[PDB]
Amino acid sequence: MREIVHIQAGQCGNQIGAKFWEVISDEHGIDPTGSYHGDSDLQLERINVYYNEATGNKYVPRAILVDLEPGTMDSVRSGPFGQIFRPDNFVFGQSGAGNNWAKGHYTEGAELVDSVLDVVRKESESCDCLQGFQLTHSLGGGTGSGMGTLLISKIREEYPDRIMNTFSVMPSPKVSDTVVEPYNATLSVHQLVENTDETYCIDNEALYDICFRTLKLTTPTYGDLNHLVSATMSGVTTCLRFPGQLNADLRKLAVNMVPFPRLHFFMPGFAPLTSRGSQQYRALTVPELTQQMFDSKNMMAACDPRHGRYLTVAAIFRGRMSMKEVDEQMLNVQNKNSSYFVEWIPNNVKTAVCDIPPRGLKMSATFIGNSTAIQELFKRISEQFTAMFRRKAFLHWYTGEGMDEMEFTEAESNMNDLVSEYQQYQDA
Amino acid sequence: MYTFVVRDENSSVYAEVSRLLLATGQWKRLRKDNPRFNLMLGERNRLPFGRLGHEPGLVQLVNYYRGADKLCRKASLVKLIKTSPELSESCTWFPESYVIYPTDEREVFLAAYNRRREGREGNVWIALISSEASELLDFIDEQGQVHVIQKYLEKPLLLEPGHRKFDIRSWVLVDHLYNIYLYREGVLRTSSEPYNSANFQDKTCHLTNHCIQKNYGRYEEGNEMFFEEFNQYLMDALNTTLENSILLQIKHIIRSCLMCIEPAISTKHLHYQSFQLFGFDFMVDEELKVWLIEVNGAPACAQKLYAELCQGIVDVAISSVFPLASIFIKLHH
Amino acid sequence: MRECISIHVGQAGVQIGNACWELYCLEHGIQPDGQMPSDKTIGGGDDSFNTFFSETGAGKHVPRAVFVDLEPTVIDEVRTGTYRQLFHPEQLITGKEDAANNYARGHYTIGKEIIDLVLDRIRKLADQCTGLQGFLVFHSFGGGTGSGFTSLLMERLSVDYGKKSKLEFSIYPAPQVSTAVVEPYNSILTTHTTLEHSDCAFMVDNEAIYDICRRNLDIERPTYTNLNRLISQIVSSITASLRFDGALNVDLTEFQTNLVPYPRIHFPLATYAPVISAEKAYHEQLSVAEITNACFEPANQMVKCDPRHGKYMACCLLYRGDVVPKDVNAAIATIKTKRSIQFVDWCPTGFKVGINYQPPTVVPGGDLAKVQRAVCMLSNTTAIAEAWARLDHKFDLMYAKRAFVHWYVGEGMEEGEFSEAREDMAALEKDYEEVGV
Amino acid sequence: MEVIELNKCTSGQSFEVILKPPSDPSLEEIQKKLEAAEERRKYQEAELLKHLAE
Ligand SMILES: Nc1nc2c(ncn2[C@@H]2O[C@H](COP(=O)(O)OP(=O)(O)OP(=O)(O)O)[C@@H](O)[C@H]2O)c(=O)[nH]1
Ligand SMILES: Nc1nc2c(ncn2[C@@H]2O[C@H](COP(=O)(O)OP(=O)(O)O)[C@@H](O)[C@H]2O)c(=O)[nH]1
Ligand SMILES: COc1ccc(N(C)c2cc(=O)oc3ccccc23)cc1O
Ligand SMILES: [Ca+2]
Ligand SMILES: [Mg+2]
Ligand SMILES: [Mg+2]
């Protein structure tokens, strides 16, 4: 277990995907042409997790870029790190998916999926020992959502003993493209519950509110939202990418974070919260990091941690700091809040440290929580689904592609089951 | 903020202690099984000492000394006194005693019993009270349990008016540093019926504890005389003080008992710490010689003294380890 | 002379193995290239150190060791490390996909596929032995490989070498340096499967080692490196009698004979003293009485527990340095009168003592100060069952809700193996209680 | 008190001090259980691929 294969689908998927590669390439010393120009050995020791080595001697992301429309991917190609991607790994159709999960999953996506799997296969064949896959996508559109979940199901069929991991962007009325987002998200959640091992719930509601309430940006763009996403994504993958005292992979993450196979939707958090441009000079103390990383206002999923309990938590501290003081503060916050951590999983809070801080910071903390409070996210989507679905509003966009209302009823029931399955462990 | 757990329901002493810890607001109670506690108020039965002091970044403290049962079971105590050089068979403040098993020191008991009957001096024993060896051993067998046979004290000090028997209860708190603290307030558990040299089957005049006294309540509220009144009596009736005639001996006995088990139970160098509250029961004979009767490992208090003692338990045993934002005589160890 | 084969399984087993072999080389004056100038019989011998080292015609001294991990990166450190020339490449065995902290994956899935190769490489070492007495097996309880694969290997060793002794050096899990939330599962599963196959097992609780490093070495946050240098000193103390001239614990059979009367109750407590910081400017050297007294302090034990509240079945004291019997006996006499030491009624109250006049060797630039005398006490006390109690409770907590169980079931393990393993542990806790109270 | 088994050599000595007197599965069965678990893995995987076929 060395190689991860990365897939990015649709507009959101490709935009957050491109930003992730910009950030991690910078962290690993890699420049737009693929050349290493860094000064630490820690940068290269585990670089094979994400990068292929061409005889070059160039580093090529193990990344496949997928869309049903060309626009966003042309934008990736002419973007900052655009030239670094293997040009054969751009797989795109022409028609788009019209924010329609049925188009992505059943009609338009079906037409393109085999050629994506061909590219997946070529990368997988070149792997010493493939860990599994990470997908970036949103759940509210058509391609990332319908076609992304189609890909996952086809990847699982061909590689049933590999790990599937997603970064899944949840829609919010606060940052909304179409009214059909809750339909697309519910259909997609149904898929994620069955076919991923671990999913980071990146909630556009939370990203918006952080940008507005905390970063004091009166009118957040997608760019501002994505600044938070890429910082979080860098953070959560630190222990996959860098050598440390705990050497992690996608399977060990899943084993230790997921006590029941359906409850695999993580609430990520980050501290210190910053924006692009105006950044703080004031350094953070270990007690301040720890306090901030656990604050509701630092979570990337709009749920109140106090309305539930943590099943498991992984925490990663980056920068030169006292590991002794880290351990003390982490233990302090558990011992002073222990009603919020289930008592039937001993040692359910795990901390790891990496010396390399992210760009522009002296120290940072990244949070990965499996909390029963995530049920709030799913309940919110469920309410929005039902508000339309009770009158069958907007359904003709889906029945026109050959779907039946039964399939909506089934995906709704499965998502409601998930919610009450969370409620079950919040009491005991 | 400190954390604690409660595992003994029936403990009046610790019900009041937890209530007091909550009232400072600087102590939060957790559920029985939450292992992230600073303080355990443990169960009396098979308390899991093995699970304490293994939680990183938590100083842990329990309200029982593991091994203190040696002092607090009647059969264990006799064995301890007899087998410890510190205490010995020569020990002058504990009544001549023998461990008796039924399916063991039965032969040693009978030989000493017959030597008492050489010119026939006072030969009355306790198990429940009898004058001849045969009815004693027959009673023990009727039970199917281990018990102690003990030289019953035939010449007690008898309170006047009323020709009444009594035992003294002393409260002793041993902290985590093995300081031995004697609570300044004791209590006498009185009999209400005149003491009867001739009739050993009548049990309300020979046995003194608070329950088996249901003529009750006649001379003092609930058959409980306190130290002020008892000292007053001793001055008026016997021309001595409680300090001189009784308490010196009480302090000696308590100290000897606890110093003897100290190497076996001390938590000085351990990964968790212990404290415990003991109830020592004393008999006084008519020449004002004190005898130890019982050590109780889970004593209750006298109603009047709950508030003061429980507050004292919090002051010297709990806050000494876990500081916030003397009613005891320290017996020099 | 009778040979011993050392087997190092998983990350913990391998890194500890590295530290032990480094120390063994320093003690016997074997250089990193495998040359031993003081060994005058070139290319052969039946000296005591040949129990652990074979010899080549060129005069290379090669550990009778195999290193196995289900992943390459830890054993790769050995391949390119300062002691790289010491080992034959055949002795260093790696798979590709690890056990993912999952016993079932180390035992069934990934185990099934590498077991035959490991046994073949062990057979190669055993063929070179004139009278192989058996095996020393180093592993964690908590790791997927250290637990899962180890129990598989042990079963197969009982089949292929039924007359041979098997000893364990086992790392018991501690949250302070743990890597997995399922370590209590893996520990109970490996102990159940290994119990019948192990003759004597030395448990080392990472909690005890961690705190010793903090308290006595002033290391603020101990690393695996700190821990393993200390562990290797204790292991060396234990194995010294197999590697040097003497008349106590000379063979593996004698370990069981002297330490294990009742075969299931085979976990002796190790206590070591003194542990003194190399950075300590002024240090008053400790006497035989002081080091021996320290063997009865919970703070110096390999596993934190309270022997005053259990019973001893056996006790060996193993001294290194300037120590004579008279000082040992005088120390014991005064300790007997101050400490609670109670043997079981059906055993003599006594001590087997071994003295080796060579002081402990220390790793140059290490954390441990050189001392004039040291002792390791091995006592079989019922008090070590506190560690089982702790572990069984943690297991019960998770298992009552079946948390994480699906990860094991998905590797082909049946749910029933959990309750089977756990019932065996319940019987073990009872055994200790019957013997000890 | 009583010192027995005194043995001395150049390297050291050993002795005993007494303070007070007293008062497997087959290769076949292993391969069976390993194959049984492999069959549970094959079956659970076949169940998955059938669901994916539907
Ligand atoms: N004392 C010590 N403990 C270690 C070391 N390495 C790992 N551990 C402990 O062993 C446990 C984890 O098991 P590992 O041995 O790392 O796992 P593994 O056997 O390689 O199995 P995988 O799960 O396949 O990686 C944890 O409790 C660690 O604290 C070491 O070098 N020294
Ligand atoms: N955070 C974030 N959300 C996005 C971005 N682009 C689109 N979205 C969200 O994604 C959803 C629409 O899906 P999109 O990816 O545009 O459609 P697709 O191309 O068919 O997959 C809506 O919920 C949008 O709010 C982005 O760059 N960042
Ligand atoms: C609840 O206990 C645990 C949770 C997670 C982990 N592992 C394996 C991690 C893997 C990873 O990719 O990122 C991490 C970052 C910080 C801490 C742990 C992990 C281990 C644990 O015991
Ligand atoms: Ca030789
Ligand atoms: Mg769009
Ligand atoms: Mg490993």
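Protein chains in written order, with the entry's author numbering: chain B, 1 to 428; chain F, 1 to 103, 126 to 149, 161 to 247, 252 to 362, 373 to 380; chain A, 1 to 437; chain E, 6 to 28, 44 to 74.
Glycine included, C-beta positions come from ideal geometry on N, C-alpha and C.
Between the alpha carbons of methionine 388 (chain B) and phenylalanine 408 (chain B) lies a gap of roughly 11 angstroms. Taking the C-beta atoms as reference points, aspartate 98 (chain A) is found nearer than 8 angstroms to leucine 70 (chain A). Neighbours of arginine 156 (chain B) across chain E, judged by C-beta separation under 9 angstroms: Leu68 and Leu72. For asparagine 293 (chain A), not one C-beta of chain E is nearer than 8 angstroms to its own C-beta. In this structure, the beta-carbon distance from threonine 190 (chain A) to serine 151 (chain A) falls below 8 angstroms. Secondary structure of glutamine 292 (chain B) (DSSP, three-state): helix. Annotation: the continuous beta strand (DSSP E) that includes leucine 221 (chain F) extends over 220-223.
Beyond the five residues adjoining it in sequence on each side, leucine 295 (chain F) comes within less than 7 angstroms, by CB distance, of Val207 and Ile213 in the same chain, given in chain order. Between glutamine 134 (chain B) and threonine 72 (chain B), the C-beta spacing is not below 8 angstroms. Ligand 1 approaches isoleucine 171 (chain A) closely enough that one of its heavy atoms is under 7 angstroms from the residue's Cβ. With a threshold of 8 angstroms between beta carbons, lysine 25 (chain E) makes contact with chain A. For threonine 130 (chain A), the secondary structure class from DSSP, reduced to helix, strand or coil, is coil.
With the rule of 3 Cβ pairs closer than 8 angstroms, the segment 176-184 of chain A counts as touching the segment 241-259 of chain B.
Approximately 6 angstroms separates the beta-carbon atoms of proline 300 (chain F) and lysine 338 (chain A); this is inside 8 angstroms, confirming the contact. Inclusion of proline 63 (chain A) and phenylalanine 53 (chain A) in the CB contact set at 8 angstroms is warranted, their separation being smaller than that value. Residues of the segment 321-355 of chain A with a C-beta atom less than 8 angstroms from some C-beta of chain F are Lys338, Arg339 and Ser340, listed in chain order. The segment 339-352 of chain B makes contact with the segment 398-405 of chain A, as at least three CB pairs between them are under 8 angstroms. Cβ contact annotation for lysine 74 (chain F) (same chain, cutoff 6 angstroms, sequence separation greater than five): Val181, in chain order. When DSSP reads this structure, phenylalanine 141 (chain A) sits in no beta bridge, so it has no partner. Between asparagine 89 (chain B) and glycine 132 (chain B) a beta carbon distance of about 18 angstroms is seen, past the 8 angstroms cut, so the two are scored as non-contacting. Between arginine 217 (chain F) and the set F:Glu280, F:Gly50 and F:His306, the nearest pair of CA atoms involves F:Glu280. Against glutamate 65 (chain E), the close residues of chain B are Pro160 and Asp161, in the order they occur along the chain (beta-carbon pairs closer than 9 angstroms). Counting only the Cα atoms, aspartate 318 (chain F) lies some 5 angstroms from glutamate 331 (chain F). In this structure, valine 358 (chain F) sits away from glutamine 313 (chain F), with a CB-CB distance that is not shorter than 8 angstroms.
Non-local C-beta neighbours of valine 353 (chain F) in its own chain, meaning closer than 7 angstroms and more than five positions away in sequence, comprise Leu206, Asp208, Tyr214 and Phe375, ordered along the chain.
Chain F has a Cβ within less than 8 angstroms of the Cβ of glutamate 343 (chain B). Secondary structure at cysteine 338 (chain F): coil, using DSSP grouped into helix, strand and coil. Looking at B:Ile152, B:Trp101 and B:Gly79, the one whose alpha-carbon comes closest to that of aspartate 114 (chain B) is B:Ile152.
Per the C-alpha coordinates, the member of B:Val91, B:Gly96, B:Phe242 and B:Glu158 positioned closest to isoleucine 7 (chain B) is B:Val91. In the displayed model, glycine 235 (chain B) falls within a helix according to three-state DSSP. Under the rule that a run must span 3 or more residues, the beta strand (DSSP E) segments found entirely inside the segment 329-416 of chain A read 349-356 and 373-381.
C-alpha of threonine 290 (chain B) to C-alpha of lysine 166 (chain A): approximately 47 angstroms in a straight line. Against chain F, a Cβ distance below 7 angstroms from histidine 309 (chain A) picks out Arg66 and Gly67. For ligand 4, a non-hydrogen atom lies closer than 7 angstroms to the CB of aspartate 39 (chain A).
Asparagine 252 (chain F) and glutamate 266 (chain F) have their C-alpha atoms roughly 21 angstroms apart. About 6 angstroms separates the beta carbons of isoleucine 210 (chain B) and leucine 273 (chain B), which is inside the 8 angstroms limit, making them a contact pair.
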